Amino acid sequence: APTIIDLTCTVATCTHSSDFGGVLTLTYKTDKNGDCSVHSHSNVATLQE
Amino acid sequence: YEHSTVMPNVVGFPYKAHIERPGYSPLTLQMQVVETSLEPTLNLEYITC
């Protein structure tokens with residue numbers, strides 16, 4: 001697994017609609033390229049992927 | 001998306017309207033008055049010669 005350090009998130013746009021109406025940008029630092037899993041830890045917002 | 005503005009009644013003045021929709025990048029559209037005409041409603045009383 002890749003090691004991820006110093007990660008922050010900023011919200012580009014948000015609109016509380018029925019569809020997926022908000023978009024997130026995450027900044028990170030990694031040692032290798034890889035495929036690994038993202039999650040949200042509340043039901044106030046639902047991710048798509 | 002509905003928008004409303006007010007533009008001066010001047011021939012040749014370059015009016016530019018700025019639309020800022022929450023989910024999209026801002027848009028600027030240009031309106032210009034090429035020509036104008038104002039006609040009264042006339043009812044003939046008589047003629048002379």
# chains A, B, ... in the order shown; residues from 1 in each chain; ligands from 1

$ residues_around --residues "residue B:21" --least-positions-apart "2" --cutoff "12 Å" --atoms "only C-alpha atoms" --output "PyMOL selection string"
(chain A and resi 13-15) or (chain B and resi 1-3+18-19+23-28)

$ select_by_dssp --residues "chain A" --states "strand (DSSP E)" --output "PDB file with N, CA and C atoms, in the first residue's frame"
ATOM      1  N   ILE A   5       0.683  11.153   3.314  1.00  0.00           N
ATOM      2  CA  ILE A   5       1.011  12.071   4.400  1.00  0.00           C
ATOM      3  C   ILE A   5       0.588  13.482   4.020  1.00  0.00           C
ATOM      4  N   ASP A   6       0.186  14.261   5.027  1.00  0.00           N
ATOM      5  CA  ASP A   6      -0.104  15.688   4.882  1.00  0.00           C
ATOM      6  C   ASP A   6      -1.206  15.924   3.845  1.00  0.00           C
ATOM      7  N   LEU A   7      -2.402  15.459   4.193  1.00  0.00           N
ATOM      8  CA  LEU A   7      -3.536  15.504   3.280  1.00  0.00           C
ATOM      9  C   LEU A   7      -4.565  16.512   3.782  1.00  0.00           C
ATOM     10  N   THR A   8      -4.982  17.422   2.901  1.00  0.00           N
ATOM     11  CA  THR A   8      -6.042  18.383   3.171  1.00  0.00           C
ATOM     12  C   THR A   8      -7.025  18.392   2.011  1.00  0.00           C
ATOM     13  N   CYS A   9      -8.250  18.834   2.287  1.00  0.00           N
ATOM     14  CA  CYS A   9      -9.314  18.858   1.292  1.00  0.00           C
ATOM     15  C   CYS A   9      -9.970  20.227   1.250  1.00  0.00           C
ATOM     16  N   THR A  10     -10.270  20.690   0.044  1.00  0.00           N
ATOM     17  CA  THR A  10     -11.005  21.923  -0.166  1.00  0.00           C
ATOM     18  C   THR A  10     -12.179  21.635  -1.086  1.00  0.00           C
ATOM     19  N   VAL A  11     -13.262  22.378  -0.896  1.00  0.00           N
ATOM     20  CA  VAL A  11     -14.516  22.128  -1.592  1.00  0.00           C
ATOM     21  C   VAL A  11     -14.635  23.151  -2.709  1.00  0.00           C
ATOM     22  N   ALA A  12     -14.644  22.678  -3.952  1.00  0.00           N
ATOM     23  CA  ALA A  12     -14.708  23.597  -5.080  1.00  0.00           C
ATOM     24  C   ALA A  12     -16.101  24.193  -5.207  1.00  0.00           C
ATOM     25  N   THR A  13     -17.109  23.340  -5.371  1.00  0.00           N
ATOM     26  CA  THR A  13     -18.491  23.780  -5.434  1.00  0.00           C
ATOM     27  C   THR A  13     -19.371  22.756  -4.741  1.00  0.00           C
ATOM     28  N   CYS A  14     -20.517  23.227  -4.256  1.00  0.00           N
ATOM     29  CA  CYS A  14     -21.482  22.383  -3.573  1.00  0.00           C
ATOM     30  C   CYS A  14     -22.882  22.921  -3.826  1.00  0.00           C
ATOM     31  N   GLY A  22     -21.768  18.088  -5.506  1.00  0.00           N
ATOM     32  CA  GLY A  22     -20.644  18.708  -4.839  1.00  0.00           C
ATOM     33  C   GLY A  22     -19.357  18.050  -5.280  1.00  0.00           C
ATOM     34  N   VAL A  23     -18.257  18.795  -5.351  1.00  0.00           N
ATOM     35  CA  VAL A  23     -16.996  18.245  -5.842  1.00  0.00           C
ATOM     36  C   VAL A  23     -15.863  18.614  -4.889  1.00  0.00           C
ATOM     37  N   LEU A  24     -14.944  17.668  -4.681  1.00  0.00           N
ATOM     38  CA  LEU A  24     -13.871  17.747  -3.696  1.00  0.00           C
ATOM     39  C   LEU A  24     -12.523  17.621  -4.383  1.00  0.00           C
ATOM     40  N   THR A  25     -11.529  18.349  -3.879  1.00  0.00           N
ATOM     41  CA  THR A  25     -10.138  18.189  -4.281  1.00  0.00           C
ATOM     42  C   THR A  25      -9.300  17.827  -3.063  1.00  0.00           C
ATOM     43  N   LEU A  26      -8.528  16.752  -3.176  1.00  0.00           N
ATOM     44  CA  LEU A  26      -7.661  16.268  -2.113  1.00  0.00           C
ATOM     45  C   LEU A  26      -6.214  16.387  -2.567  1.00  0.00           C
ATOM     46  N   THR A  27      -5.375  16.972  -1.712  1.00  0.00           N
ATOM     47  CA  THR A  27      -3.948  17.130  -1.956  1.00  0.00           C
ATOM     48  C   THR A  27      -3.168  16.192  -1.043  1.00  0.00           C
ATOM     49  N   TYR A  28      -2.186  15.497  -1.608  1.00  0.00           N
ATOM     50  CA  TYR A  28      -1.507  14.429  -0.890  1.00  0.00           C
ATOM     51  C   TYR A  28      -0.063  14.340  -1.364  1.00  0.00           C
ATOM     52  N   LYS A  29       0.721  13.542  -0.642  1.00  0.00           N
ATOM     53  CA  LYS A  29       2.107  13.253  -0.983  1.00  0.00           C
ATOM     54  C   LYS A  29       2.318  11.750  -0.888  1.00  0.00           C
TER      55      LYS A  29
END

$ atom_distance --atom1 "atom CA of residue A:48" --atom2 "atom CA of residue A:30"
23.1 Å

$ atom_distance --atom1 "atom CA of residue B:20" --atom2 "atom CA of residue B:4"
12.2 Å

$ residues_around --residues "stretch 31-48 of chain B" --least-positions-apart "2" --cutoff "9 Å" --atoms "only C-alpha atoms" --output "NGL selection string"
:B and (7 or 9-17 or 29)

$ atom_distance --atom1 "atom CA of residue A:18" --atom2 "atom CA of residue A:41"
19.8 Å

$ closest_residue --among "A:46, A:33, A:40, A:17" --to "chain B" --atoms "only C-alpha atoms"
A:17
